[PDB]
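Q: Sharing a structure here in structure tokens format.
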Protein chains: 2
Amino acid sequence: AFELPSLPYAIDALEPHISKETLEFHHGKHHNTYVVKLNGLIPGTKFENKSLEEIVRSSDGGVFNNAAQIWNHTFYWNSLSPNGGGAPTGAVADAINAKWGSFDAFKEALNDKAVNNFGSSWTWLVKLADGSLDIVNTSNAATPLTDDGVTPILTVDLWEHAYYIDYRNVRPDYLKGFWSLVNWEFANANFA
Amino acid sequence: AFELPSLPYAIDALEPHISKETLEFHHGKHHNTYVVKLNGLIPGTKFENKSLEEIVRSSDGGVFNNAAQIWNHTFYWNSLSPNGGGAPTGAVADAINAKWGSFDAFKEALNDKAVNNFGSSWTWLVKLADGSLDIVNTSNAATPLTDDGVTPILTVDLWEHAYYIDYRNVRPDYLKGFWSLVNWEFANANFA
Ligand SMILES: [Fe+3]
Ligand SMILES: [Fe+3]
């Protein structure tokens, strides 16, 4: 059975960008729920023995929605850090410059993609087959994990539960918080 | 151009099932935003002259998402009432009994569809071409308004902004609030 991964940092470590309360419901209830629902769904199917990633890459319907959300949220918690934020560094900063000319142009581009990602969704920084970076949006539980040759490097959860407590309807403010928390080390770890 | 309709009741009339705060955000910011967005999208286009319903039934993309959302929310405010709730009445009470055998089976069928309506969504009580009632789920801005011969009779908004402030992650509690508020007069007007 799958388990709810621990949060990589204290429940208040993301303040004042993401609240202790948001983390309590988002990790504690939302993430958790996906884990208990999947655990309940797999027994008696050709999924009980397989990897979380294996399932996400070979299911649909309910099993997919749950397995993919578990994966996406775990990747999301890692995309933030009490020590992230600020300028990108290393290999990712460079690929960012190679593709968008500048960090600022990339940030504007991602913000644009995320603010207009309609409904429950995720906005991703990914690495394509050519080694170049790109930004892609997915709806609901969809994830670049199921794209052969497309490597996820960072994600931002845009479901309303991710920011409603702290920011209500204002996604731009939430995005300002994400940029104060973005984990460039996890990004570079994934890019390399 | 389009305007935000007035709520059919006082900002605190749905208390304690849906809060004054939820109404201020849901009606005052979200509903309003779709209206500003549409008005900002139709000028000098093949939709500037059309009515809301004509636009929703002849667009896609951004224009569809905003027009439909304005329509769906308006229909949602009408599906609630400080004088609604309790047992269904009149023609709809009888049409529910005809399809599901009883009000209780209908309520459990709708609750099941609504709690499992994945991501941002809407659950509708609709009247079909054959005249029989049914429950259908739509995602994001999709609405039965675009299905010929299908008549929307009531809707429950399941986007998380509809209940997060009041119930956080617990859709079942929000659903309990909806049943205390359901507008059977609105439903009977749509049915007849
Ligand atoms: Fe989430
Ligand atoms: Fe809504």
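The header says X-ray crystallography, 2.1 Å.
Keep in mind that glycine also has a Cβ here, set from the backbone N, Cα and C atoms.
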Q: A:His26, A:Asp157, A:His161 bind Fe cation according to Swiss-Prot; which of A:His17, A:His73 goes with them?
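A: Among A:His17, A:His73, only A:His73 appears alongside A:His26, A:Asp157, A:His161 as Fe cation-binding in Swiss-Prot.
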Q: With a CB cutoff of 8 A to chain B, go through the binding-site residues A:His26, A:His73, A:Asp157 and name the hits, or write none.
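A: So none of them sit by chain B.
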Q: Out of these binding-site residues, A:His73, A:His161, which one has the fewest other C-beta atoms within 10 Å of its own C-beta?
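A: Selected from the binding-site residues A:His73, A:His161 on minimum Cβ neighbours within 10 Å: A:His161.
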Q: Which chain neighbours of the Fe cation site, leaving out A:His26, A:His73, A:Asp157, A:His161, have a Cβ atom within 8 Å of the mean position of the site's Cβ atoms?
A: A:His27, A:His30, A:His31, A:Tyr76, A:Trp159, A:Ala162
Q: Report the same-chain neighbours of A:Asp157 (Fe cation binding site): residues 6+ apart in sequence with Cβ closer than 8 Å to its Cβ, ordered by sequence.
A: A:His26, A:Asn72, A:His73, A:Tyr76, A:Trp122
Q: What is the number of other Cβ atoms found within 10 Å of the Cβ of A:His26 (Fe cation binding site)?
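A: Other Cβ atoms within 10 Å of A:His26 (Fe cation binding site): 25.
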